[PDB]
Amino acid sequence: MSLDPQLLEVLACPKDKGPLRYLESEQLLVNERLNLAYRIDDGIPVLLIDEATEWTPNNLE
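The record for the entry shows the title "Solution NMR structure of protein Uncharacterized BCR, Northeast Structural Genomics Consortium target CgR1". Per UniProt, the comment on the chain under Sequence similarities (unreviewed entry) is "Belongs to the UPF0434 family."

Set out below in structure tokens:
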């Protein structure tokens, strides 16, 4: 199927257990349902319960 799935694998949220959306540009893992983001810091993705930071969510009224 081409590409390199080995260097990716499946990264899921520790709480939601859902697959995080991988941003290749800045190595960001965002849960699109909780609107929370996990950072991959120097090759190490910090997947913790409370280490999730607020990301740009849905717009307001």
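(A) Quick look at the pairing of strand β3 (residues 36-41). Judged from the 4 bridges that link them, strand β2 (residues 28-31) and β3 form a sheet pairing that is antiparallel. Across the sheet, the residue bridging to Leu-29 is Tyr-38, located in β3. Linking β2 back to β3 in an antiparallel pair, the connection comprises 4 residues, with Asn-35 at a positive phi of about 65 degrees. Of the pairings in the sheet, the one linking β3 to strand β5 (residues 53-54) comprises 2 bridges and is antiparallel in character. Directly across from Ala-37, in β5, lies its bridge partner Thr-53. Strand direction decides the pairing type here: β3 and strand β4 (residues 44-45), joined by 2 bridges, are antiparallel. Looking across to β4, one finds that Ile-40 is bridged to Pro-45. Linking β3 back to β4 in an antiparallel pair, the connection comprises 2 residues, with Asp-42 at a positive phi of about 60 degrees.

(B) Seen up close, the environment of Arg-21. With respect to the helices, strands and loops of the structure, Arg-21 is situated in strand β1 (residues 21-23). Judged by its relative accessible area of 54%, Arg-21 falls in the exposed class. When the C-alpha positions of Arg-21 and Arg-39 are compared, they lie 11 Å apart, and in sequence the two are 18 residues distant. In this structure, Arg-21 is in contact with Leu-28, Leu-29, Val-30 and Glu-32, ignoring residues within four places of it in sequence.

The rules behind the values
Residues numbered from 1 in each chain as written, not as in the entry; some residues may be left out. Heavy atoms only, no water. UniProt positions renumbered as here; feature names shortened; annotations may be inferred. Pairing = 2+ DSSP bridges. Helix = DSSP H or I, 4+ residues; strand = E, 2+ residues; numbered from the N terminus. Buried < 20%, exposed > 50% of the residue type's maximum accessible area, 1.4 Å probe, protein only. Contact = heavy atoms within 4.5 Å.

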